[PDB]
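**Q** Structure incoming, see below.
Readers should treat all values here as calculations from the given coordinates under stated rules, not as data from a laboratory. Methodologically, a virtual Cβ is constructed for each residue, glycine included, from the backbone with ideal geometry; neighbour enumeration extends over all protein chains shown.
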Amino acid sequence: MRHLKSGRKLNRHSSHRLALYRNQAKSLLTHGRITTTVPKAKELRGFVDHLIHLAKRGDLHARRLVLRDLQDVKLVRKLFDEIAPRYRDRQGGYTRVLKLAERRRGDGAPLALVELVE
Amino acid sequence: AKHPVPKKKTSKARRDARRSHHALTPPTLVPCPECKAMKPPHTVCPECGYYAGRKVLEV
Amino acid sequence: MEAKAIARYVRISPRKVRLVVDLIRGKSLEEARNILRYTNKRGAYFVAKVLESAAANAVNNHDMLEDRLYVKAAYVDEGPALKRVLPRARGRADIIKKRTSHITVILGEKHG
Amino acid sequence: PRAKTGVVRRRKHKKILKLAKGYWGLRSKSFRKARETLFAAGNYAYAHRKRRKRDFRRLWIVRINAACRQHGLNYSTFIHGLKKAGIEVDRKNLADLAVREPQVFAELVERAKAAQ
Amino acid sequence: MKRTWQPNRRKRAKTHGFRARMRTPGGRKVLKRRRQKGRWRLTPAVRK
RNA sequence: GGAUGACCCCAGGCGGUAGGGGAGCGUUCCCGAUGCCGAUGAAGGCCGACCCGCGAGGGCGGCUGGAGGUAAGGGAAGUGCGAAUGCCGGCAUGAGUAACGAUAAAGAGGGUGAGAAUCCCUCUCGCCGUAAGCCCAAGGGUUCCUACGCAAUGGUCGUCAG
RNA sequence: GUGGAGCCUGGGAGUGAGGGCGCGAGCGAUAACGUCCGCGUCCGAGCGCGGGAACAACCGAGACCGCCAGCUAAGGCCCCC
RNA sequence: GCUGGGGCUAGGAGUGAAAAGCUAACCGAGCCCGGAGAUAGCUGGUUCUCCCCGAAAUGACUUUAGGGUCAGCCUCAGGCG
RNA sequence: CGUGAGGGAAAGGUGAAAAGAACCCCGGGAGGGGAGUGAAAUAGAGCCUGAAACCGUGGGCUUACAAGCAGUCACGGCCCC
RNA sequence: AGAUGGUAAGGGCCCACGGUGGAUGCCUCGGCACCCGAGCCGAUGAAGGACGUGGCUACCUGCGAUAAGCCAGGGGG
Ligand SMILES: [Mg+2]
Ligand SMILES: [Mg+2]
Ligand SMILES: [Mg+2]
Ligand SMILES: [Mg+2]
Ligand SMILES: [Mg+2]
Ligand SMILES: [Mg+2]
Ligand SMILES: [Mg+2]
Ligand SMILES: [Mg+2]
Ligand SMILES: [Mg+2]
Ligand SMILES: [Mg+2]
Ligand SMILES: [Mg+2]
Ligand SMILES: [Mg+2]
Ligand SMILES: [Mg+2]
Ligand SMILES: [Mg+2]
Ligand SMILES: [Mg+2]
Ligand SMILES: [Mg+2]
Ligand SMILES: [Mg+2]
Ligand SMILES: [Mg+2]
Ligand SMILES: [Mg+2]
Ligand SMILES: [Mg+2]
Ligand SMILES: [Mg+2]
Ligand SMILES: [Mg+2]
Ligand SMILES: [Mg+2]
Ligand SMILES: [Mg+2]
Ligand SMILES: [Mg+2]
Ligand SMILES: [Mg+2]
Ligand SMILES: [Mg+2]
Ligand SMILES: [Mg+2]
Ligand SMILES: [Mg+2]
Ligand SMILES: [Mg+2]
Ligand SMILES: [Mg+2]
Ligand SMILES: [Mg+2]
Ligand SMILES: [Mg+2]
Ligand SMILES: [Mg+2]
Ligand SMILES: [Mg+2]
Ligand SMILES: [Mg+2]
Ligand SMILES: [Mg+2]
Ligand SMILES: [Mg+2]
Ligand SMILES: [Mg+2]
Ligand SMILES: [Mg+2]
Ligand SMILES: [Mg+2]
Ligand SMILES: [Mg+2]
Ligand SMILES: [Mg+2]
Ligand SMILES: [Mg+2]
Ligand SMILES: [Mg+2]
Ligand SMILES: [Mg+2]
Ligand SMILES: [Mg+2]
Ligand SMILES: [Mg+2]
Ligand SMILES: [Mg+2]
Ligand SMILES: [Mg+2]
Ligand SMILES: [Mg+2]
Ligand SMILES: [Mg+2]
Ligand SMILES: [Mg+2]
Ligand SMILES: [Mg+2]
Ligand SMILES: [Mg+2]
Ligand SMILES: [Mg+2]
Ligand SMILES: [Mg+2]
Ligand SMILES: [Mg+2]
Ligand SMILES: [Mg+2]
Ligand SMILES: [Mg+2]
Ligand SMILES: [Mg+2]
Ligand SMILES: [Mg+2]
Ligand SMILES: [Mg+2]
Ligand SMILES: [Mg+2]
Ligand SMILES: [Mg+2]
Ligand SMILES: [Mg+2]
Ligand SMILES: [Mg+2]
Ligand SMILES: [Mg+2]
Ligand SMILES: [Mg+2]
Ligand SMILES: [Mg+2]
Ligand SMILES: [Mg+2]
Ligand SMILES: [Mg+2]
Ligand SMILES: [Mg+2]
Ligand SMILES: [Mg+2]
Ligand SMILES: [Mg+2]
Ligand SMILES: [Mg+2]
Ligand SMILES: [Mg+2]
Ligand SMILES: [Mg+2]
Ligand SMILES: [Mg+2]
Ligand SMILES: [Mg+2]
Ligand SMILES: [Mg+2]
Ligand SMILES: [Mg+2]
Ligand SMILES: [Mg+2]
Ligand SMILES: [Mg+2]
Ligand SMILES: [Mg+2]
Ligand SMILES: [Mg+2]
Ligand SMILES: [Mg+2]
Ligand SMILES: [Mg+2]
Ligand SMILES: [Mg+2]
Ligand SMILES: [Mg+2]
Ligand SMILES: [Mg+2]
Ligand SMILES: [Mg+2]
Ligand SMILES: [Mg+2]
Ligand SMILES: [Mg+2]
Ligand SMILES: [Mg+2]
Ligand SMILES: [Mg+2]
Ligand SMILES: [Mg+2]
Ligand SMILES: [Mg+2]
Ligand SMILES: [Mg+2]
Ligand SMILES: [Mg+2]
Ligand SMILES: [Mg+2]
Ligand SMILES: [Mg+2]
Ligand SMILES: [Mg+2]
Ligand SMILES: [Mg+2]
Ligand SMILES: [Mg+2]
Ligand SMILES: [Mg+2]
Ligand SMILES: [Mg+2]
Ligand SMILES: [Mg+2]
Ligand SMILES: [Mg+2]
Ligand SMILES: [Mg+2]
Ligand SMILES: [Mg+2]
Ligand SMILES: [Mg+2]
Ligand SMILES: [Mg+2]
Ligand SMILES: [Mg+2]
Ligand SMILES: [Mg+2]
Ligand SMILES: [Mg+2]
Ligand SMILES: [Mg+2]
Ligand SMILES: [Mg+2]
Ligand SMILES: [Mg+2]
Ligand SMILES: [Mg+2]
Ligand SMILES: [Mg+2]
Ligand SMILES: [Mg+2]
Ligand SMILES: [Mg+2]
Ligand SMILES: [Mg+2]
Ligand SMILES: [Mg+2]
Ligand SMILES: [Mg+2]
Ligand SMILES: [Mg+2]
Ligand SMILES: [Mg+2]
Ligand SMILES: [Mg+2]
Ligand SMILES: [Mg+2]
Ligand SMILES: [Mg+2]
Ligand SMILES: [Mg+2]
Ligand SMILES: [Mg+2]
Ligand SMILES: [Mg+2]
Ligand SMILES: [Mg+2]
Ligand SMILES: [Mg+2]
Ligand SMILES: [Mg+2]
Ligand SMILES: [Mg+2]
Ligand SMILES: [Mg+2]
Ligand SMILES: [Mg+2]
Ligand SMILES: [Mg+2]
Ligand SMILES: [Mg+2]
Ligand SMILES: [Mg+2]
Ligand SMILES: [Mg+2]
Ligand SMILES: [Mg+2]
Ligand SMILES: [Mg+2]
Ligand SMILES: [Mg+2]
Ligand SMILES: [Mg+2]
Ligand SMILES: [Mg+2]
Ligand SMILES: [Mg+2]
Ligand SMILES: [Mg+2]
Ligand SMILES: [Mg+2]
Ligand SMILES: [Mg+2]
Ligand SMILES: [Mg+2]
Ligand SMILES: [Mg+2]
Ligand SMILES: [Mg+2]
Ligand SMILES: [Mg+2]
Ligand SMILES: [Mg+2]
Ligand SMILES: [Mg+2]
Ligand SMILES: [Mg+2]
Ligand SMILES: [Mg+2]
Ligand SMILES: [Mg+2]
Ligand SMILES: [Mg+2]
Ligand SMILES: [Mg+2]
Ligand SMILES: [Mg+2]
Ligand SMILES: [Mg+2]
Ligand SMILES: [Mg+2]
Ligand SMILES: [Mg+2]
Ligand SMILES: [Mg+2]
Ligand SMILES: [Mg+2]
Ligand SMILES: [Mg+2]
Ligand SMILES: [Mg+2]
Ligand SMILES: [Mg+2]
Ligand SMILES: [Mg+2]
Ligand SMILES: [Mg+2]
Ligand SMILES: [Mg+2]
Ligand SMILES: [Mg+2]
Ligand SMILES: [Mg+2]
Ligand SMILES: [Mg+2]
Ligand SMILES: [Mg+2]
Ligand SMILES: [Mg+2]
Ligand SMILES: [Mg+2]
Ligand SMILES: [Mg+2]
Ligand SMILES: [Mg+2]
Ligand SMILES: [Mg+2]
Ligand SMILES: [Mg+2]
Ligand SMILES: [Mg+2]
Ligand SMILES: [Mg+2]
Ligand SMILES: [Mg+2]
Ligand SMILES: [Mg+2]
Ligand SMILES: [Mg+2]
Ligand SMILES: [Mg+2]
Ligand SMILES: [Mg+2]
Ligand SMILES: [Mg+2]
Ligand SMILES: [Mg+2]
Ligand SMILES: [Mg+2]
Ligand SMILES: [Mg+2]
Ligand SMILES: [Mg+2]
Ligand SMILES: [Mg+2]
Ligand SMILES: [Mg+2]
Ligand SMILES: [Mg+2]
Ligand SMILES: [Mg+2]
Ligand SMILES: [Mg+2]
Ligand SMILES: [Mg+2]
Ligand SMILES: [Mg+2]
Ligand SMILES: [Mg+2]
Ligand SMILES: [Mg+2]
Ligand SMILES: [Mg+2]
Ligand SMILES: [Mg+2]
Ligand SMILES: [Mg+2]
Ligand SMILES: [Mg+2]
Ligand SMILES: [Mg+2]
Ligand SMILES: [Mg+2]
Ligand SMILES: [Mg+2]
Ligand SMILES: [Mg+2]
Ligand SMILES: [Mg+2]
Ligand SMILES: [Mg+2]
Ligand SMILES: [Mg+2]
Ligand SMILES: [Mg+2]
Ligand SMILES: [Mg+2]
Ligand SMILES: [Mg+2]
Ligand SMILES: [Mg+2]
Ligand SMILES: [Mg+2]
Ligand SMILES: [Mg+2]
Ligand SMILES: [Mg+2]
Ligand SMILES: [Mg+2]
Ligand SMILES: [Mg+2]
Ligand SMILES: [Zn+2]
């Protein structure tokens with residue numbers, strides 16, 4: 001059973017799934033838009049939203065928090081200095097997901113884009 | 001186990017009765033309100049790049 | 001008047017392509033095109049080509065009008081099979097049949 | 001000289017398979033299963049050729065019996081009556097009379113009641 | 001596990017080789033036989 | 001009965017395994033044949049609700065086929081298949097099922113191309129590290145390097161590759 | 001008593017695991033779908049046909065073919081029938 | 001003690017700290033070819049059609065008993081009547 | 001295939017003549033559609049004939065309250081001549 | 001209240017046409033049998049092979065560093 005359990009497993013063990021979200025986070029904050037499978041995409045939203053929210057705090061503690069997932073000082077500088085300010089007045093929802101219309105040839109996986117909001 | 005096995009060959013009738021559920025359902029499609037091309041709903045239109053009124057994507 | 005295309009010796013198993021062909025039999029050329037485009041199946045790529053070649057033939061050789069073409073008949077016949085060895089346990093050897101399809105698409109004109 | 005099968009066996013099998021047209025599944029497509037079916041078929045025909053004679057007399061008798069009781073007497077009484085009367089019209093025609101020409105059937109019934 | 005065939009050029013040549021066959025009455029008969037059959041190889045071919 | 005095998009009439013028999021006997025059909029081949037049928041279509045193939053025969057069969061007709069076939073009467077045999085867990089081949093069923101070969105593990109961006117989860121590049125992640133790195137000897141034998149390819153081989157894909 | 005009677009001389013066999021039932025015994029336990037002989041019968045080979053619900057051998061009866069005709073056998077005649 | 005390379009010993013023979021173990025994935029006697037189409041009183045299988053007839057599963061003997069020889073019972077031909 | 005002695009296959013046919021299909025069209029190719037050749041191209045090279053199992057497309061009749069070695073006999077409905 | 005029809009997800013029988021497959025008929029560059037002819041080769045290095053050999057040459061055939069061939073007689077046109 002699965003009654004009221006939150007969080008996909010995505011056929012990865014605990015530490016892999018973690019790495020999965022972190023690496024997608026790096027890619028998303030870097031390029032502003034990535035393409036993935038729909039499930040990875042919906043699952044990416046929250047993980048990254050939290051990171052943006054902390055960069056809106058701006059303080060040392062929050063930077064050191066974000067660094068635990070993002071690990072890259074420069075990318076975090078980009079997060080704090082360029083990205084986060086765009087969201088000063090925005091109350092959550094800093095990411096969107098829209099499904100592409102074509103499936104992967106080799107396995108038929110449904111794709112979606114995940115991008116940062118304006 | 002002790003290796004179960006078909007006792008009798010399946011008749012042309014029975015094998016085809018099994019397949020009475022195997023027909024594909026056609027893809028569900030809707031016109032893109034911009035370029036009028038046919039595409040699945042709730043997907044960014046892959047011909048013009050529009051969704052929810054706006055241009056989202058380079059086609 | 002009718003126009004036909006055949007794809008012979010397509011390296012796909014007939015039972016699988018036939019599923020796709022079944023989707024477009026009796027449909028307008030236009031609807032058939034849309035259907036095939038969003039049919040998540042390997043078979044869809046092969047059927048589409050036979051469709052499109054027959055459409056070409058129609059317009060180009062048989063004085064038929066694109067905007068009136070429809071899929072009048074379509075069918076998948078079995079071609080010669082490619083037998084391959086599949087090694088099993090305990091020294092036994094099986095024989096996989098990598099199967100083959102002959103795909104036909106026949107277009108007529110839905111008049112008026 | 002060598003005398004290989006050649007043309008002969010195929011011809012013999014087609015014979016049988018043609019006879020088995022209409023039969024279900026392999027019974028019309030497989031020589032062996034057809035051949036078995038025709039054996040059964042052959043005896044049934046013979047047997048039922050026989051039983052058709054029984055089957056119809058049964059129907060006639062049932063039908064005559066119904067038409068008899070309409071005039072207040074049963075089949076056994078009717079037939080005995082006709083025997084005493086010397087009337088030798090068989091049940092095929094009796095049954096026909098009973099339905100198609102009831103006035104005449106009424107007459108035969110009278111003769112039957114009287115002959116005793 | 002260790003299987004029965006363990007290639008060895010020296011072993012092969014010394015055991016089934018042409019010179020070995022000629023040495024012995026039976027081996028010469030082997031050659032005679034294979035020649036009469038028309039074998040393309042009287043002897044296992046091996047490279048050195 | 002009449003001349004004897006013409007046909008007719010009267011009567012009686014006619015379930016059948018092991019098995020005895022009798023009469024026939026068809027297949028291959030030889031005489032018949034320096035003949036005859038045959039492109040106005042041989043053999044074989046596919047139909048047939050038609051004709052003859054108890055039957056095995058034989059005709060005839062239409063379609064196919066494209067170069068052979070052979071009569072009356074006789075002769076001679078590798079002469080008739082449904083079974084032998086028969087033999088050879090072909091194609092089914094199980095079935096769109098089990099599986100796709102270590103649970104070290106993946107994600108994204110860029111490029112190429114008709115086509116990319118699978119090829120190249122970059123970044124991120126993970127695995128070995130007395131090895132899953134390196135160097136010899138066996139054995140293998142061009143598998144090495146480069147260009148051009150993707151039908152097959154590759155357990156998927158392939159633009160890549162032993 | 002003229003019968004798919006009988007006898008004689010030859011050619012060809014197959015069979016040489018029988019079985020149920022009735023009657024007469026032995027063995028067995030006045031058991032066995034038991035076993036072993038005798039007389040007969042059927043099945044075997046009549047798992048063709050009617051009856052016995054169904055059922056080789058119980059009752060009826062020996063199926064050359066055809067008939068949408070008639071008479072019976074055993075068994076039946078309230079409905080299935 | 002384990003291991004590489006080079007050698008030697010084999011079919012009624014080798015080798016075996018002995019299990020009839022091992023001697024090229026089946027060893028109370030290896031494999032290949034030959035004798036060879038061994039022999040198999042056993043099991044299986046035996047191919048068109050019609051017509052007539054039509055058994056036996058018993059006796060005797062049998063290293064015989066699920067095989068046989070003779071007799072019995074079937075069939076065909078000639079003869080007797 | 002086997003270390004080896006040794007074992008040991010499968011696999012023939014366009015047409016009289018290559019006249020073996022220029023060129024165009026869809027396609028990455030394969031493949032096909034026209035044009036052309038030929039007496040014939042369902043003789044087009046995966047080539048004489050092209051049976052059967054097997055797979056499919058179209059049509060007629062039929063089937064979702066019914067019990068089966070799949071037939072057979074009767075009757076009725078529908079479709080065809 | 002009563003009664004009887006059109007449904008086919010799919011199945012079955014029949015018909016037409018295809019696919020697959022490679023039987024059948026025809027065919028024969030090959031076999032088989034008998035009969036006749038003929039019958040040894042080799043240190044002057046056989047039988048049998050290895051490796052080579054062509055302007056471009058995988059294999060076969062031929063040939064041998066004079067290598068699909070060199071010399072001479074005969075045949076043939
Ligand atoms: Mg759980
Ligand atoms: Mg919840
Ligand atoms: Mg959940
Ligand atoms: Mg989680
Ligand atoms: Mg979920
Ligand atoms: Mg995944
Ligand atoms: Mg899992
Ligand atoms: Mg994973
Ligand atoms: Mg961990
Ligand atoms: Mg970019
Ligand atoms: Mg939260
Ligand atoms: Mg952590
Ligand atoms: Mg980290
Ligand atoms: Mg999607
Ligand atoms: Mg979709
Ligand atoms: Mg798609
Ligand atoms: Mg794939
Ligand atoms: Mg277990
Ligand atoms: Mg079955
Ligand atoms: Mg089955
Ligand atoms: Mg079957
Ligand atoms: Mg089944
Ligand atoms: Mg079907
Ligand atoms: Mg089923
Ligand atoms: Mg829109
Ligand atoms: Mg499919
Ligand atoms: Mg289907
Ligand atoms: Mg789909
Ligand atoms: Mg077009
Ligand atoms: Mg395995
Ligand atoms: Mg193995
Ligand atoms: Mg199989
Ligand atoms: Mg297979
Ligand atoms: Mg196939
Ligand atoms: Mg011959
Ligand atoms: Mg024959
Ligand atoms: Mg034969
Ligand atoms: Mg039939
Ligand atoms: Mg029928
Ligand atoms: Mg059947
Ligand atoms: Mg069939
Ligand atoms: Mg019969
Ligand atoms: Mg009758
Ligand atoms: Mg009658
Ligand atoms: Mg009667
Ligand atoms: Mg009736
Ligand atoms: Mg009364
Ligand atoms: Mg009376
Ligand atoms: Mg009467
Ligand atoms: Mg009336
Ligand atoms: Mg180990
Ligand atoms: Mg090894
Ligand atoms: Mg070891
Ligand atoms: Mg080997
Ligand atoms: Mg091996
Ligand atoms: Mg070794
Ligand atoms: Mg070693
Ligand atoms: Mg060595
Ligand atoms: Mg050595
Ligand atoms: Mg040697
Ligand atoms: Mg010797
Ligand atoms: Mg030797
Ligand atoms: Mg050679
Ligand atoms: Mg040797
Ligand atoms: Mg050598
Ligand atoms: Mg060496
Ligand atoms: Mg008579
Ligand atoms: Mg008689
Ligand atoms: Mg009689
Ligand atoms: Mg008889
Ligand atoms: Mg006789
Ligand atoms: Mg004749
Ligand atoms: Mg014959
Ligand atoms: Mg002649
Ligand atoms: Mg002639
Ligand atoms: Mg003439
Ligand atoms: Mg002509
Ligand atoms: Mg003709
Ligand atoms: Mg012939
Ligand atoms: Mg003939
Ligand atoms: Mg005929
Ligand atoms: Mg004809
Ligand atoms: Mg013609
Ligand atoms: Mg003909
Ligand atoms: Mg000629
Ligand atoms: Mg003569
Ligand atoms: Mg003979
Ligand atoms: Mg024979
Ligand atoms: Mg038989
Ligand atoms: Mg067989
Ligand atoms: Mg079997
Ligand atoms: Mg079996
Ligand atoms: Mg079995
Ligand atoms: Mg056998
Ligand atoms: Mg087989
Ligand atoms: Mg299958
Ligand atoms: Mg499934
Ligand atoms: Mg299953
Ligand atoms: Mg499952
Ligand atoms: Mg596996
Ligand atoms: Mg699975
Ligand atoms: Mg693997
Ligand atoms: Mg495997
Ligand atoms: Mg795996
Ligand atoms: Mg895994
Ligand atoms: Mg780990
Ligand atoms: Mg995975
Ligand atoms: Mg990529
Ligand atoms: Mg990309
Ligand atoms: Mg470019
Ligand atoms: Mg591009
Ligand atoms: Mg790829
Ligand atoms: Mg690809
Ligand atoms: Mg992978
Ligand atoms: Mg590590
Ligand atoms: Mg270390
Ligand atoms: Mg370590
Ligand atoms: Mg080396
Ligand atoms: Mg190798
Ligand atoms: Mg290579
Ligand atoms: Mg490839
Ligand atoms: Mg490929
Ligand atoms: Mg490909
Ligand atoms: Mg190529
Ligand atoms: Mg592949
Ligand atoms: Mg593999
Ligand atoms: Mg490429
Ligand atoms: Mg490359
Ligand atoms: Mg390499
Ligand atoms: Mg008698
Ligand atoms: Mg007598
Ligand atoms: Mg007499
Ligand atoms: Mg005899
Ligand atoms: Mg006997
Ligand atoms: Mg005895
Ligand atoms: Mg006994
Ligand atoms: Mg006895
Ligand atoms: Mg008796
Ligand atoms: Mg007795
Ligand atoms: Mg006894
Ligand atoms: Mg009494
Ligand atoms: Mg007593
Ligand atoms: Mg008893
Ligand atoms: Mg008793
Ligand atoms: Mg007693
Ligand atoms: Mg007695
Ligand atoms: Mg008795
Ligand atoms: Mg018996
Ligand atoms: Mg009897
Ligand atoms: Mg009797
Ligand atoms: Mg019974
Ligand atoms: Mg009885
Ligand atoms: Mg009875
Ligand atoms: Mg009864
Ligand atoms: Mg009984
Ligand atoms: Mg009688
Ligand atoms: Mg009466
Ligand atoms: Mg009574
Ligand atoms: Mg009654
Ligand atoms: Mg040492
Ligand atoms: Mg050592
Ligand atoms: Mg060693
Ligand atoms: Mg050594
Ligand atoms: Mg020995
Ligand atoms: Mg020895
Ligand atoms: Mg020996
Ligand atoms: Mg010893
Ligand atoms: Mg020891
Ligand atoms: Mg060995
Ligand atoms: Mg061993
Ligand atoms: Mg021994
Ligand atoms: Mg051994
Ligand atoms: Mg020998
Ligand atoms: Mg001997
Ligand atoms: Mg031997
Ligand atoms: Mg012996
Ligand atoms: Mg023997
Ligand atoms: Mg009799
Ligand atoms: Mg006895
Ligand atoms: Mg006795
Ligand atoms: Mg004695
Ligand atoms: Mg005994
Ligand atoms: Mg015995
Ligand atoms: Mg015995
Ligand atoms: Mg005797
Ligand atoms: Mg007598
Ligand atoms: Mg006698
Ligand atoms: Mg006599
Ligand atoms: Mg080898
Ligand atoms: Mg051929
Ligand atoms: Mg020719
Ligand atoms: Mg030719
Ligand atoms: Mg072109
Ligand atoms: Mg192109
Ligand atoms: Mg183009
Ligand atoms: Mg390409
Ligand atoms: Mg082309
Ligand atoms: Mg073309
Ligand atoms: Mg022309
Ligand atoms: Mg002509
Ligand atoms: Mg064409
Ligand atoms: Mg034709
Ligand atoms: Mg032709
Ligand atoms: Mg073919
Ligand atoms: Mg020809
Ligand atoms: Mg053909
Ligand atoms: Mg064909
Ligand atoms: Mg069919
Ligand atoms: Mg249908
Ligand atoms: Mg009910
Ligand atoms: Mg109903
Ligand atoms: Mg029913
Ligand atoms: Mg029943
Ligand atoms: Mg019925
Ligand atoms: Mg209704
Ligand atoms: Mg209906
Ligand atoms: Mg239906
Ligand atoms: Mg349907
Ligand atoms: Mg066909
Ligand atoms: Mg066919
Ligand atoms: Mg001939
Ligand atoms: Mg000759
Ligand atoms: Mg000397
Ligand atoms: Mg020489
Ligand atoms: Mg050479
Ligand atoms: Mg010269
Ligand atoms: Mg000269
Ligand atoms: Zn659009």
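**Q** What pairs from A:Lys5/A:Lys56; C:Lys97/D:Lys33; A:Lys9/B:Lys2; A:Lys42/C:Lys72; A:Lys9/B:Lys7 go past 32 Å between their alpha carbons?
**A** Numbers: A:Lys5/A:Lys56 29 Å; C:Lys97/D:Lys33 29 Å; A:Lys9/B:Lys2 37 Å; A:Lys42/C:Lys72 44 Å; A:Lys9/B:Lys7 42 Å.
The answer is A:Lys9/B:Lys2; A:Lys42/C:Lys72; A:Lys9/B:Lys7.
**Q** I've got another one for you. For C:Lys98, list the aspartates and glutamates whose Cα falls under 13 Å from its own Cα; do not include residues on the same chain fewer than 8 positions away.
**A** Output for C:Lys98: C:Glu78.
**Q** What value, in deg cm²/dmol to 500, does the helix sum -39500 (n - 2.57) over DSSP H runs of n ≥ 4 give at 222 nm once divided by the residues of the protein assembly as shown? Walk me through the intermediate numbers first.
**A** On the way: 17 runs with 217 residues, N = 453.
When only DSSP H runs of four or more count, the value is -15000 deg cm²/dmol.
**Q** Convert each backbone phi in region A:101-109 into a coupling constant with the Karplus relation 6.51 cos²θ - 1.76 cosθ + 1.60 (shift: θ = phi - 60°), then list the ³J(HN,Hα) values in order as whole Hz, x for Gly and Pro.
**A** My calculation for region A:101-109 gives 9, 10, 8, 3, 4, x, 8, x, 5 Hz in order.
**Q** Okay, moving on. Apply the a/c threshold of 1.5 to the C-alpha gyration tensor of chain E and tell me whether it is rounded, prolate or oblate.
**A** On the way: a/c = 2.20, a/b = 1.87, b/c = 1.18.
Because a/c hits 1.5 or more and a/b exceeds b/c, chain E counts as prolate.
**Q** How many partner chain Cβ atoms sit within 10 Å of a residue's Cβ in peptide C:40-48, on average, as a whole number?
**A** Working: counts 9, 2, 2, 1, 2, 1, 0, 0, 0.
Average per residue, whole number: 2.
**Q** Shifting gears a bit: Which ³J(HN,Hα) values in Hz, rounded to whole numbers, follow from the phi angles of region D:107-112 under the Karplus curve 6.51 cos²θ - 1.76 cosθ + 1.60, where θ = phi - 60° and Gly and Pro get x?
**A** Couplings: 3, 4, 5, 4, 3, 5 Hz.
**Q** Check which residues have an amide H placed less than 5 Å from C:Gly79's amide H, if you skip close sequence neighbours.
**A** HN-HN under 5 Å from C:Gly79: C:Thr100, C:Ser101, C:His102.
**Q** Another one. Taking A:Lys26 as the anchor, which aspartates and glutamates have their alpha carbon closer than 19 Å to its alpha carbon, excluding any fewer than eight residues away along the same chain?
**A** Result set, ordered by chain and number: A:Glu43, A:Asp49, A:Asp69, A:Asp72, A:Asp81, A:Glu82, A:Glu115, A:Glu118.
**Q** Next question, about the same structure. Rank these for me by crowding, C:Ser101, D:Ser28, A:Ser14, going from fewest to most other beta carbons within 10 Å.
**A** On the way: C:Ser101 25, D:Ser28 16, A:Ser14 8.
Fewest-to-most Cβ neighbours within 10 Å comes out as A:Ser14, D:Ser28, C:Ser101.
**Q** Can you list which of the DSSP-assigned H helices in chain C have a Cα extent of 20 Å or more along the long axis and an average Kyte-Doolittle score of at least -1.0? The partial results should precede the final answer.
**A** On the way: long enough: C:42-61 (29 Å, 0.26).
Helix filter hits for chain C: C:42-61.
**Q** Now for a separate question. Radius of gyration and Dmax for region C:2-110's Cα atoms, expressed in Å?
**A** Cα radius of gyration and Dmax of region C:2-110 are 16.7, 62 Å respectively.
**Q** Next question. For D:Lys113, give me every one of the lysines with a C-alpha distance below 19 angstrom, ignoring sequence neighbours fewer than eight places off in its own chain.
**A** The qualifying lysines are D:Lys83, D:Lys84.
**Q** Give the shape of region D:59-116 as rounded, prolate or oblate, defined through the alpha-carbon gyration tensor: a ≥ b ≥ c are the square roots of its eigenvalues, a/c under 1.5 means rounded, and otherwise the shape is prolate if a/b is larger than b/c and oblate if not.
**A** Numbers: a/c = 1.40, a/b = 1.33, b/c = 1.05.
Here region D:59-116 falls in the rounded category.
**Q** Would you mind working out the magnitude of the charge dipole of the protein assembly as shown relative to its Cα centre, with +1 at each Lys and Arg C-beta and -1 at each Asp and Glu C-beta, to the nearest 20 Debye? Kindly include the intermediate steps, with their values, before the conclusion.
**A** Details: 118 positive and 36 negative charges, 1394 e Å.
Computed charge dipole of the protein assembly as shown: roughly 6700 debye.
**Q** Measure off 7 Å from each Cα along the Cα-to-Cβ vector at C:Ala93 and D:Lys83, then give the distance between these two points in nanometres to one decimal.
**A** 8.5
**Q** Taking the 0 to 90 degree range and rounding to the nearest ten, how far is the long axis of helix D:75-85 tilted relative to the main principal axis of chain D, both from C-alpha atoms?
**A** The helix D:75-85 is inclined about 70 degrees to chain D.
**Q** Over all alpha-carbon pairs of region A:14-118, lay out the pair-distance distribution in 10 Å bins, whole %, shortest bin first.
**A** Going out from 0 Å in 10 Å bins, region A:14-118 shows 15, 47, 29, 9, 1 percent.
**Q** For C:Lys27, which sequence-distant residues (separation of 5 or more, or a different chain) have an amide H within less than 5 Å of its own amide H, given hydrogens modelled in the peptide plane?
**A** When sequence neighbours closer than 5 places are left aside, the close amide H contacts are C:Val71.
**Q** Tell me, how many Å apart are the Cα centres for region A:42-118 and for region D:48-92?
**A** Centre-to-centre distance over Cα atoms comes out at 99 Å.
**Q** How would you rank C:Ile24, C:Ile96, going from fewest to most other Cβ atoms within 10 Å of each one's own Cβ? Don't jump to the answer; show the numbers that get you there.
**A** Working: C:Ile24 25, C:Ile96 11.
Lowest to highest Cβ neighbour count: C:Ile96, C:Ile24.
**Q** Can you compute log10 of I(q)/I(0) for region B:8-47 with the Debye formula, treating each Cα as one identical point scatterer, at q = 0.25 Å⁻¹?
**A** Log-scaled intensity ratios, in q order: -0.81.
**Q** Could you give each residue of region D:41-51 its phi-based ³J(HN,Hα) in whole Hz, using Karplus coefficients 6.51, -1.76, 1.60 with θ = phi - 60°, and x for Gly or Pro?
**A** Each residue of region D:41-51 in turn: 4, x, 6, 4, 4, 4, 4, 8, 4, 5, 7 Hz.
**Q** Mind checking which of B:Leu57, B:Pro4, B:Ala17 is farthest towards the positive end of chain B's charge dipole, using Cβ charges of +1 (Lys, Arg) and -1 (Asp, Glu) about the Cα centre?
**A** Towards the positive end, the residue furthest out is B:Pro4.
**Q** Indicate the gyration tensor shape class of the protein assembly as shown (rounded, prolate or oblate), computed on the Cα atoms with a ≥ b ≥ c the square roots of the eigenvalues: a/c under 1.5 is rounded; otherwise a/b larger than b/c is prolate and the rest oblate.
**A** Details: a/c = 2.68, a/b = 1.48, b/c = 1.81.
Note, shape of the protein assembly as shown comes out oblate.
**Q** While we're on this one: For a quick check: with amide H placed at 1.01 Å from N, whose amide H comes under 5 Å from C:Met64's, ignoring anything fewer than 5 positions away on the same chain?
**A** Long-range HN contacts for C:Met64: C:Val59.
**Q** In addition: What do you get for the angle between helix A:14-31 and the principal long axis of chain A? Use alpha-carbon atoms, 0 to 90 degrees, nearest ten.
**A** Rounded to the nearest ten degrees, it is 60.
**Q** Please rank B:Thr43, E:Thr15, fewest neighbouring Cβ atoms within 10 Å first, as an exposure proxy.
**A** Numbers: B:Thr43 20, E:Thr15 10.
So the residues, fewest neighbours to most, are E:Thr15, B:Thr43.
**Q** If you don't mind, there's one more thing I want to ask. Which value, in debye to the nearest 20, describes the size of the charge dipole of region C:2-110 about its Cα centre when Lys and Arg Cβ atoms bear +1, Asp and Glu Cβ atoms bear -1, and nothing else is charged? Walk me through the numbers on the way to the answer.
**A** Values: 24 positive and 12 negative charges, 244 e Å.
The dipole magnitude comes to about 1180 debye.
**Q** Every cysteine in the protein assembly as shown with no other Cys Cβ under 4.7 Å from its Cβ, please list them in numeric order.
**A** D:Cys68
**Q** Ok, one more. Please give the length that would be gained between C:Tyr9 and C:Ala73 if that part of the chain were fully extended, namely 0.36 nm times their separation in residues minus their C-alpha to C-alpha distance (nm, one decimal).
**A** 21.1 nm
**Q** Which whole-angstrom value gives the distance between the alpha carbon centres of region C:54-112 and chain B?
**A** After rounding, the separation between the Cα centres reads 20 Å.
**Q** Here's something else I'd like to know. Provide a whole-number value for the mean count of partner chain Cβ atoms within 10 Å of the Cβ atoms in peptide B:39-52.
**A** Details: counts 5, 4, 2, 3, 9, 6, 1, 5, 1, 0, 0, 0, 3, 1.
Mean number of neighbouring Cβ atoms from other chains: 3.
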